[PDB]
């Protein structure tokens, strides 16, 4: 029963006898399979026979770990000064893009739709653009409107450039007002592709047909990042200590971490519009995530920028490599406070490596996260046995394989590009691993296969505020390290907490 002194919400409530009895009663008329049949098919789904068939799939995706392009577009556009994402297309999309981001950051996510309906299939979506741009500009006072497209607008084939010019012709926005656009078709690639497409679209808008006035500064693109808030602050702290001349292109770190102080800030922070315009002058542009920027880096290359791309740098080596590149670009040495942070991270790893050596992992997410995570794992003596990226290409699989080959703890490790979490389930069932590194969808894999989850990948929906803390840098590597160790110790205490049976090993000191 319910009780006002100790109120039972859904979780404990439906375990009470009256509901257990009513639910048993309901089950008798549900025509669901009998309990012996469920056990049979459950065990079968964890079998090798099933894994061969599951991996024989050609058409069906089940539990993919990726979103569609416009999510990436909204994300990247949200890291520019007072910029509103305008997704030309159907509006249900925008409800979803926003909800998804909000559930992850526990923050507002602002975006608007051109609200194309069925008629736009016959007449095209011009009026939606013209009217939409007008209303978005008047209501939400953006400095820039960043147009992307839903899959309906792509199939219909609307000419965005023409539409935007028509809109300016009719006075929807000032003639000189900034309306960069990009095609972001959901049926190509994923959200990382939309990050790239929208970012190029923005840069092309400000750079088209200009001649650089070269400077020695570096543009840094962080890419699609669940940990954007802490990571970008760590990045800035690092760059500041080194004294590097830089511009971050797309910084959502303030936008998705505004204070609760009586005012709601629709926009906050961002790459300044003027800095985006002067970014064409930089001699370098580095991407922290290759797979978020290939089109954008090619475009930067078209203005004679030298380009470098990393893979979500996590841990000692990856950070070292980033710092060395920054040092090569800026001419500035790595300062002693950063060697200390480094030496202290090494110290943590050395103190704790008995618990990491030999551990086996499954890892999934965006291709760059997975590379960078797997690499960090190898530094610890761990084995990234099952690496998986639904949005991972063959070129990625080759890069992963090169990473595996660089270390003796790589023997046996595989990278599964274009596979999904139903595939991952069969891996975890048949070739057990100690730990799963992924995102909140991975809780279902924890449930189905008794493989504990560590959340280091977008989206994190069932934990709060992890995004506020870095994973990049030496500081961030230490957080990751402690996050692993905490999951590991803890599993050790749970393995040894049963009095007189297992608690011989319940050590006070570990």
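Numbering follows the first chain given and starts at 1.
203-211 and 95-103 differ in mean CA B-factor, and the higher of the two is recorded for 203-211. In this entry, the higher average B-factor at the C-alpha atoms falls on 118-126, of the pair 347-355 and 118-126. Highest CA B-factor among 438, 194, 372, 412, as stated in the entry: 412. Of the candidates 381, 174, 223, 230, the deposited coordinates give 174 the top C-alpha B factor. Remark: residue 33 belongs to the highest third of its chain, ranked by C-alpha B-factor as recorded. Residue-level temperature factors show residue 132 in the highest third of its chain, judged at the C-alpha atom.
Among the modelled residues of its chain, residue 392 has a C-alpha B-factor that falls in the middle third according to the deposited record.
Per the PDB record, residue ranking by Cα B-factor puts residue 44 in the highest third of the chain. Sort the modelled residues of the chain by CA B factor and residue 310 lands in the middle third.
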